[PDB]
Amino acid sequence: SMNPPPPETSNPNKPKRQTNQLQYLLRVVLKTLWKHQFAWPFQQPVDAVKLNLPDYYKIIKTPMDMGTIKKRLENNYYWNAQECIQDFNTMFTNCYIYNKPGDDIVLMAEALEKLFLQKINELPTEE
Ligand SMILES: Cc1cccc(Oc2nccc(-c3c(-c4ccc(F)cc4)ncn3C3CCNCC3)n2)c1C
């Protein structure tokens, strides 16, 4: 079972913006999760070949990872904060769907998600 192409990070005809909320999602949210000791499995698309998970992309039909989110934010790919928040939530949900409670990867996702939620709680009002 092969790896699919990664999610889109560039699309010139897609409408996109910089908003103060999206700037916060890069400078605070992404930066905080990316530096965490448990970030590494989430910093790029899941390599189902190298990890020997031939079922991964048969089960996970909306893949997402922080490498992709990082490129999207750096490329100003998003229209709004909700689109980016959805990508994070998709990432965590995929992990919980594929794995089982108490697995190392789930504990790692849970730690990152706790911080994500703490930072989103302080999302600035749009300017
Ligand atoms: C605990 C462990 C053991 C073996 C390899 C690992 O590294 C790793 N790297 C990328 C993805 C995953 C991963 C995800 C994963 C990671 C990020 C994501 F966004 C979605 C799924 N879901 C399950 N795994 C592994 C597959 C092999 N058996 C252990 C669990 N794990 C990890 C950490």
Side-chain angles (χ1 to χ4, degrees):
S1 261
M2 309 135 55
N3 292 318
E8 181 175 279
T9 57
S10 171
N11 183 337
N13 277 337
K14 177 183 186 296
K16 47 183 78 78
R17 297 188 299 181
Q18 301 200 59
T19 71
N20 65 312
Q21 294 181 329
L22 281 161
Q23 285 170 342
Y24 175 93
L25 278 159
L26 177 54
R27 291 187 195 198
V28 175
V29 183
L30 184 285
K31 184 177 186 153
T32 294
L33 272 57
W34 190 270
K35 72 190 188 189
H36 195 278
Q37 304 271 131
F38 291 163
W40 59 271
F42 306 91
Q43 285 175 331
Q44 59 285 309
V46 173
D47 186 342
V49 177
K50 189 179 301 308
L51 293 167
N52 189 22
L53 309 176
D55 66 342
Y56 187 84
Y57 291 106
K58 304 276 155 57
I59 295 173
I60 296 304
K61 301 298 195 196
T62 308
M64 187 52 57
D65 65 278
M66 296 200 295
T68 297
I69 295 170
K70 183 174 182 292
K71 290 180 189 294
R72 286 179 172 192
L73 287 167
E74 285 167 350
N75 290 345
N76 303 304
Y77 175 88
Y78 294 112
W79 185 255
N80 63 33
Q82 185 188 357
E83 286 182 346
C84 177
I85 289 168
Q86 179 62 66
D87 284 343
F88 280 103
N89 280 322
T90 293
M91 182 184 75
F92 297 125
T93 297
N94 287 342
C95 187
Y96 303 143
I97 288 169
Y98 186 73
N99 300 285
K100 63 180 186 305
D103 284 349
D104 274 346
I105 190 74
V106 172
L107 300 174
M108 295 167 92
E110 284 171 352
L112 299 175
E113 188 183 17
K114 178 176 182 173
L115 282 170
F116 171 72
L117 289 160
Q118 293 172 331
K119 302 305 187 187
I120 292 300
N121 188 48
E122 308 210 23
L123 189 72
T125 297
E126 197 169 12
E127 280 279 73

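For ligands, and for the atoms within them, numbers begin at 1 and follow the listed sequence. Start at 1 with the first residue, then count along the sequence. Computation of the quantities below employed the complete heavy-atom set of this structure, encompassing side-chain atoms and omitting hydrogens, waters and symmetry-equivalent molecules.
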Please write down residue, atom name and distance for the protein heavy atom closest to atom 21 (C) of ligand 1. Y56 OH, 3.4 Å
If the cut-off is 4.0 Å to any non-hydrogen atom of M91, which atoms of ligand 1 fall inside it? 19 (F)
How about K71: does its NZ atom have over 12 heavy atoms from other parts shown lying under 6.0 Å from it? no
Is_contact(atom 4 (C) of ligand 1), protein non-hydrogen, under 4.0 Å: no
Atom 11 (C) of ligand 1: any protein heavy atom closer than 4.0 Å: yes
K70/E74 salt bridge by N-O under 4.0 Å criterion: yes
Steps toward side chain to side chain contact (heavy atoms under 4.5 Å, CB included) verdict (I97, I60): CA-CA 8 Å; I97 288 169; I60 296 304; 4.0 Å; yes
Main-chain N/O of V46 paired with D65 side-chain donor or acceptor, under 3.5 Å: no
With a 4.0 Å cut-off on heavy atoms, is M64 touching ligand 1? yes
I'd like to know if atom 25 (C) of ligand 1 has any protein heavy atom within a distance of less than 4.0 Å. no
Criterion side-chain contact (heavy atoms from CB on, under 4.5 Å) against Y78, the qualifying member of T19, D87, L25: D87
Could you check whether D103 pairs with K100 (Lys NZ or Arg NE/NH1/NH2 to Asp/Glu carboxylate O, under 4.0 Å)? yes
Residue and atom name of the nearest protein heavy atom (relative to atom 27 (C) of ligand 1), distance in Å to one decimal: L53 CD2, 3.8 Å
Where's the contact between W40 and ligand 1, heavy-atom distance under 4.0 Å: side chain, backbone, both or neither? side chain
Any protein heavy atom < 4.0 Å from atom 29 (C) of ligand 1: no
Between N3 and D47 (side chain of the first, backbone of the second, donor and acceptor by atom type, cut-off under 3.5 Å), is there such a pair? no
Go through ligand 1 atom by atom and flag the ones less than 4.0 Å from a non-hydrogen atom of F42. 17 (C), 18 (C), 19 (F)
Heavy-atom gap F92 to ligand 1 smaller than 4.0 Å: no
What is the nearest protein non-hydrogen atom to atom 1 (C) of ligand 1, stated with its residue, atom name and distance? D104 CB, 3.6 Å
For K14, is the NZ atom crowded, meaning more than 12 foreign heavy atoms sit under 6.0 Å from it? yes
Can you tell which part of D47 has a heavy atom less than 4.0 Å from ligand 1: side chain, backbone, both or neither? neither
May I ask you to say whether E126 pairs ionically with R17, meaning some side-chain N is under 4.0 Å from a carboxylate O? yes
Using a heavy-atom cut-off of under 4.0 Å, does the side chain or the backbone of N99 touch ligand 1, or both, or neither? side chain
Between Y77 and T9, does a side chain to side chain contact (heavy atoms under 4.5 Å, CB included) hold up when you go through it step by step? CA-CA 7 Å; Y77 175 88; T9 57; 5.5 Å; no
Of the choices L107, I105, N94, which has the non-hydrogen atom that lies closest to atom 13 (C) of ligand 1? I105
Could you find the nearest protein heavy atom to atom 15 (C) of ligand 1 and give me its residue, atom name and distance? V46 CG2, 3.9 Å
